[PDB]
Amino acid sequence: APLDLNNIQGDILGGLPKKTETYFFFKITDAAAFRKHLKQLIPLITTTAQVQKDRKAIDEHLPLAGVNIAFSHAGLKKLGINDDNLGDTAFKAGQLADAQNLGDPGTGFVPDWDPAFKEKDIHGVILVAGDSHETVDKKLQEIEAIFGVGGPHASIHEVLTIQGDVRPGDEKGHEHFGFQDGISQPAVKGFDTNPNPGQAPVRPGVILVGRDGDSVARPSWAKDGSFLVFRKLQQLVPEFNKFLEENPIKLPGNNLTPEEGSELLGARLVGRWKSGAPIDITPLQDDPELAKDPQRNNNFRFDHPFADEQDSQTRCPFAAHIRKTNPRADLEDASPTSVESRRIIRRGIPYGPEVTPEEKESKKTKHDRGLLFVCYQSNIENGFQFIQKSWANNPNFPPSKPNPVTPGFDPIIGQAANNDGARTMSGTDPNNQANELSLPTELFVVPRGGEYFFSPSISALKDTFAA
């Protein structure tokens, strides 16, 4: 059947438009009151239908708020909602239980997370996205009132609030390392009806529980919901920059300046120039015109050369972040159902202040900043967990490579098996692809915690969650 976009929470398909976004992580302290309160929240919940209207209004221009809600397994238990058939071990077990296997640093095993993610019983998260702090703060006061926060009717307790902010000026839509984000998303069949060149279509059930392509009995209340993975990922920006500065690529002829060598290395760690121009299309120079053109900036698959050819890392290293997280032709030899199953929708936002002169000049992080990583999928095991653990953390992925090649770790998110995280990456020098680059002992991205949630449908919120 066609998708009913007025039944789907709007961060999942379309995504909540934003300059700032607050995540309000809560514990349910009064289940009966919470279910009554939730009836009054439902009219505030932004559906995909409303997002499409909102995006049409932004594209023609604005005070605009979007609201979604998601529940952890601990929250469903608290509400007495039987989730025996919801998701699989990952959602039921919670992210803290998965931290060791994700490769998160520990003093184990307990991960080195922020206390709120490590110590505390998170039952859910309310997402509030808006054009401004004023818009989000106003909407949060309304949502707090609905749940009685600050008064004797309270049904929830705040565990943690985290604010994200899109970066300023010409860095708008770039993450803190300086790279354009939000380019490549799967095209959901029945929603993204005009995929860009290179944008692979996926059956809706890769994203939405209970739809075509959802390879898992389901409870009726899970249809048209999606699993929300949250990770707070701290970024060490001066430390990343220091690594590029110390490791410029020198191509035959020694024509590149050290600055150009360091810039090229950055592009080859991610798979794109900071502009968003993909290196599989423009391997040795940026192309700002290409970077801005959605008909062109995703039209590659790592097929010329293909993975199995000698010296096949000429244009993009195997271990470049995007080639680890979306292998394209490195696996597209396998079934359309198999490769579509690994796709995620990303809806994160940067957090924290811009790098200060002192941080920049001293080359040392003083302030907490990074990515509030959010992704949606119908199956956490097939999406987020597989990408992190089978691909990013696997130095010998992909098997389509030549046998003598050891790609190494995703240099952005890749984590090694023991606290001794010695990480290497091959292929960064296109004319000496066997040469290993030792990554620093100190990670560039430091996980600070997160949780696995479920964003229900509107009808599920009305007919199952609310009272």
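We number the residues from 1 along the sequence you see.
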*Size class of the missing deposited segment between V216 and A217*: 1 to 3
*Please figure out whether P168 and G169 are truly consecutive in the deposited sequence or have unmodelled residues between them, and give none, 1 to 3, 4 to 9, or 10 or more.*
none
*Going by the average Cα B-factor in the PDB entry, point out whether 276-284 or 110-118 comes out higher.*
110-118
*Comparing 308-316 with 227-235, where is the mean C-alpha B-factor higher?*
308-316
*Of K364, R342, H176, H123, which one's C-alpha B factor is largest in the deposited record?*
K364
_Highest recorded Cα temperature factor - choice among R328, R346, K172, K139_ = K172
*Mind checking which third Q52 falls in for C-alpha B-factor across the chain?*
middle
*If you rank every modelled residue in this chain by C-alpha B factor, which third holds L86: lowest, middle or highest?*
highest
*Lowest, middle or highest third: where is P63 by C-alpha B factor in its chain?*
highest
*What third of the chain, by the recorded C-alpha B-factor, contains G80?*
highest
_Where does the C-alpha B-factor of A334 rank in its chain, lowest, middle or highest third?_
highest
